[PDB]
Ligand SMILES: N[C@@H](CSSC[C@H](N)C(=O)O)C(=O)O
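Residue numbers (PDB author numbering), protein chains in the order written: chain A, 3 to 245; chain C, 1 to 121.
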């Protein structure tokens with residue numbers, strides 16, 4: 003149901019920009035690890051938890067974009083004339099991120115080395131998160147309440163987006179500099195968060211409904227946490243701790 | 001403001017032992033996971049050994065495992081690579097290393113200058 007063709011185009015372009023500025027930043031690490039045939043420096047816990055995050059998000063986006071049964075539940079819950087708040091680029095990002103996270107896991111087994119296996123409090127996290135998901139799956143099964151369950155997978159992606167930015171900012175604080183500050187990478191993350199927020203807004207301007215912001219509250223909090231923490235990193239680096 | 005100064009390297013005969021040293025400025029060695037790496041002519045940087053931060057735990061490459069022993073003298077802020085049973089193979093510039101490991105972004109490696117260890121058969 004697009005009303006405006008220019009808006010639908012704009013929604014598609016900023017949507018593909020969000021996929022570009024976010025999915026592109028997976029490659030520098032992969033290139034580095036091949037060149038060096040080693041992953042002594044990578045945070046193994048982070049890659050593991052970023053697979054969990056990217057899988058929860060992937061389940062939500064792929065299921066809502068390709069299941070008519072789940073879409074029917076989306077129209078029952080949020081409204082008859084509602085546009086599905088998942089775009090082709092949301093599905094593309096999720097599938098490409100899971101693929102790039104599994105390739106980095108391949109690089110960690112095949113190159114590995116050093117004294118890194120990390121897998122304590124982190125592994126623990128994976129257990130509790132996939133266990134929680136599993137409890138929720140058996141709750142959604144006796145009524146086939148599939149849209150409620152993929153709304154949990156998206157809440158899990160929100161949790162893990164916090165697990166991404168918090169410990170990082172926390173390191174920069176408990177320490178001092180912004181050590182590892184990548185202007186390029188930080189600019190592109192910011193870009194993906196603005197583009198993904200702008201996409202949702204363009205969808206709201208066209209249909210004239212803010213319900214997409216609750217129908218996909220995972221994507222609304224993903225973009226906002228990303229932008230918030232990027233501004234913080236900027237504000238660490240450009241002010242609070244120069245060097 | 002962090003500095004890593006390698007010394008102890010030079011010529012030794014195959015079978016011989018050397019005790020590489022790494023003087024550290026701007027940071028405590030006991031409060032950090034310290035690494036040793038090596039670069040041979042035409043080869044790529046090889047991870048060699050590492051010691052755990054607040055603990056005696058040590059990990060070694062399969063090429064040096066058993067022969068090389070990485071220790072730390074906190075009372076001199078220096079890391080040591082007691083490289084024993086050496087072979088001409090081990091000919092490489094050994095760098096001591098300390099990383100500023102990141103959560104998400106790239107990890108910052110602080111290298112030293114280097115000390116050639118040339119093993120002569
Ligand atoms: N765009 C996503 C993150 S995917 S980036 C994952 C990759 N391993 C890295 O951050 O280096 C977000 O909103 O945080």
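Using N, Cα and C, we set each Cβ at its ideal position, and we do this for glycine too.
Distance cut-off 6 Å: residue i Cβ against heavy atoms of ligand 1
i: residue 3 of chain A; result: no
i: residue 23 of chain A; result: no
i: residue 104 of chain C; result: yes
i: residue 52 of chain A; result: yes
i: residue 43 of chain A; result: no
i: residue 224 of chain A; result: yes
i: residue 228 of chain A; result: yes
i: residue 180 of chain A; result: no
i: residue 194 of chain A; result: yes
i: residue 163 of chain A; result: yes
Strand pairing of residue i, partner residues [DSSP]
i: residue 35 of chain C; result: C/50, C/97
i: residue 5 of chain C; result: C/23
i: residue 56 of chain A; result: In the DSSP output, where bridge partners are listed per residue, residue 56 of chain A has none listed.
i: residue 116 of chain C; result: C/93
i: residue 68 of chain C; result: C/83
i: residue 190 of chain A; result: BP columns for residue 190 of chain A are empty, so no partner.
i: residue 109 of chain C; result: C/99
i: residue 67 of chain A; result: Its beta-bridge partners do not exist; DSSP assigns none.
i: residue 42 of chain A; result: A/44
i: residue 73 of chain C; result: C/78
i: residue 12 of chain C; result: C/119
i: residue 59 of chain C; result: C/50
i: residue 200 of chain A; result: Its beta-bridge partners do not exist; DSSP assigns none.
i: residue 18 of chain C; result: C/83
Cβ shell of residue i (< 8 Å), same chain only, five flanking positions each side left out
i: residue 203 of chain A; result: none
i: residue 9 of chain A; result: 204, 207, 208
i: residue 181 of chain A; result: 174
i: residue 128 of chain A; result: 50, 51, 54
i: residue 86 of chain C; result: 12, 14, 15, 16, 17, 18, 67, 117, 119
i: residue 109 of chain A; result: 32, 35, 36, 41
i: residue 166 of chain A; result: 48, 51, 52, 55
Residue i burial status per 10 Å Cβ neighbour count (16 or more: buried)
i: residue 193 of chain A; result: buried
i: residue 221 of chain A; result: buried
i: residue 136 of chain A; result: exposed
i: residue 44 of chain C; result: exposed
i: residue 87 of chain A; result: buried
i: residue 191 of chain A; result: buried
i: residue 46 of chain C; result: buried
i: residue 210 of chain A; result: exposed
i: residue 36 of chain A; result: exposed
i: residue 13 of chain A; result: buried
i: residue 14 of chain C; result: exposed
i: residue 106 of chain A; result: buried
i: residue 197 of chain A; result: buried
i: residue 163 of chain A; result: buried
i: residue 68 of chain A; result: exposed
i: residue 40 of chain C; result: exposed
i: residue 153 of chain A; result: buried
i: residue 81 of chain C; result: buried
i: residue 2 of chain A; result: Only positions 3 to 245 of chain A appear in the structure, and residue 2 of chain A is not among them; the question remains open.
Close beta carbons around residue i, own chain, < 6 Å, minus the five adjacent residues each side
i: residue 155 of chain A; result: 58, 61, 62
i: residue 30 of chain C; result: 74
i: residue 59 of chain C; result: 50
i: residue 230 of chain A; result: none
i: residue 195 of chain A; result: 225, 228, 229
Own chain, CB closer than 7 Å to residue i, minus 5 neighbours either side, in chain order
i: residue 124 of chain A; result: 47, 50, 51
i: residue 26 of chain A; result: 190
i: residue 6 of chain A; result: 208
i: residue 131 of chain A; result: 54, 158
i: residue 75 of chain A; result: 148, 149
i: residue 8 of chain C; result: 18, 19, 20, 21, 115
i: residue 111 of chain C; result: 4, 95, 97
i: residue 79 of chain A; result: 149
ask   = Name the residues in the segment 95-111 of chain C whose C-beta lies less than 8 Å from a C-beta of chain A; which are they?
value = Those residues of the segment 95-111 of chain C that come within reach of chain A (Cβ to Cβ, closer than 8 Å) are 99, 100, 101, 102, 103, 104, 105, 106, 107, 108, 109.
request  = Taking only beta carbons into account, state which residues of the segment 152-181 of chain A come closer than 7 Å to chain C, listed in chain order.
outcome  = The residues in question are 166, 169, 170, 173, 181.
key: Under 8 Å (Cβ pairs) to chain A, residues found in the segment 29-44 of chain C   = The residues in question are 33, 35, 44.
key: Positions along the segment 187-211 of chain A whose CB lies within less than 7 Å of some CB in chain C   = Flagged, chain order: 187.
request  = Quick one: which residues of the segment 105-117 of chain A get their C-beta closer than 8 Å to a C-beta of chain C? List them in chain order.
outcome  = Result list: 115, 116, 117.
query = Closer than 8 Å, Cβ to any Cβ of chain A: which residues of the segment 3-24 of chain C, in chain order?
reply = Answer set for the segment 3-24 of chain C: empty.
message = Under 9 Å, CB to CB, which of the residues in the segment 24-45 of chain A have a partner in chain C?
response = Going along the segment 24-45 of chain A in chain order, one finds 30, 31, 34, 37, 38, 39, 40, 42, 43, 44, 45 with a Cβ nearer than 9 Å to chain C.
inquiry  = So if I threshold CB-CB distances at 7 Å, which residues from the segment 128-140 of chain A count as touching chain C?
reply    = Flagged: no residues at all.
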